[PDB]
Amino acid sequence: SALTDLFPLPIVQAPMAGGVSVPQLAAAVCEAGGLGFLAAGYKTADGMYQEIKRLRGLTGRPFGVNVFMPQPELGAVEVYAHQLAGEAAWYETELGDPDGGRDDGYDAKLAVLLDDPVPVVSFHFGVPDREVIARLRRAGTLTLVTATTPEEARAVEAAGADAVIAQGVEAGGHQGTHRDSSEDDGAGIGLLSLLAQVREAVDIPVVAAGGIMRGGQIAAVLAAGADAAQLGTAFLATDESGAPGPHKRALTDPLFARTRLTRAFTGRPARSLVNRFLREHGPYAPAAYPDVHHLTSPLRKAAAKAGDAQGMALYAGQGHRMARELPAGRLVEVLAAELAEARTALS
């Protein structure tokens, strides 16, 4: 409730890196009664700060900022790089440096978030030290962390976080596993099942994420114990979304009818529409994040520049085909109406 008391509708716009969730998206969601989110992933502490300032100028409503947890360091990357030689030659460029930073400006970003507190902060790819959570709490910032299993959820709670984001296997983008291993492959838990398990494993509020595209699904997760629903793909296709045109188009394109979890683009499991890049490199992508992400960055930028969807990281949840293209503000009101209608029906 401490979370749901911040905004009127149980709808959260998921932070989406790669220039997807720009300030204008968050603002439209915020102004419509939902919780807009900025994505600090892959940006510099300064870049993130500029968006925060920008957004404050667009809305006075509560919003969130998401940060990536630093990843532990460490021949597999060399082999994969070799297999990408053809991609480099084709897009006429060179692979990025796989040994770049792995902290993603964590320290600097926390410094910014503590020096000028924002309403909400979420973390992905792990759990912050409980000291980070305590300091943010004292600053008046609510904290959220993603969990993909009841065990990870317990870790989130034990750290003192205000709420846990239960991200099911249907979710688009990166799976928020706290540690990536070949064992996670084929072990993903369906949201409806994960939510029930998490709801019984912890006592803190739960935000449900994964495949939510309609108001009735929001009603569904609330009925199963969630305090709110977090939607990424549904907002990815809205007008304020900064996602590339080829990306927004792929979502409802019959030729991109299926999605699959893959490490091809970044070295960590992420759900993307199946395309050429995924089919050819998916089976061989090693578990090396963010090493692989650095490596393929030039390839993806080149592909995007050319408008070639077959070479881009088309992150999307299993509900992508139900995506709707319209202002984010209108999407929220539509979702709200569907929610109301579903509530009424269930009574």
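Numbering starts at 1 and runs along the sequence shown.
Two stretches are in play, 83-91 and 122-130, and the higher mean C-alpha B-factor belongs to 83-91. Mean CA temperature factor is higher for 278-286 when stretches 278-286 and 306-314 are set side by side in the entry.
Going by the entry's values, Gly57 shows the largest Cα B-factor out of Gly34, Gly319, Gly57, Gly41. When the C-alpha B-factors of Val207, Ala264, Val77, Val145 are ranked from the entry, the top spot goes to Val77.
Ranked by C-alpha B-factor against the other modelled residues of its chain, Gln24 falls in the middle third. In the PDB entry, a CA B factor belonging to the highest third of its chain's modelled residues is recorded for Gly18. Split the chain's modelled residues into thirds by C-alpha temperature factor. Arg102 is in the highest one. Per-chain ranking of the deposited C-alpha B factor places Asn66 in the lowest third. Ranked by C-alpha B-factor against the other modelled residues of its chain, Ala250 falls in the middle third.
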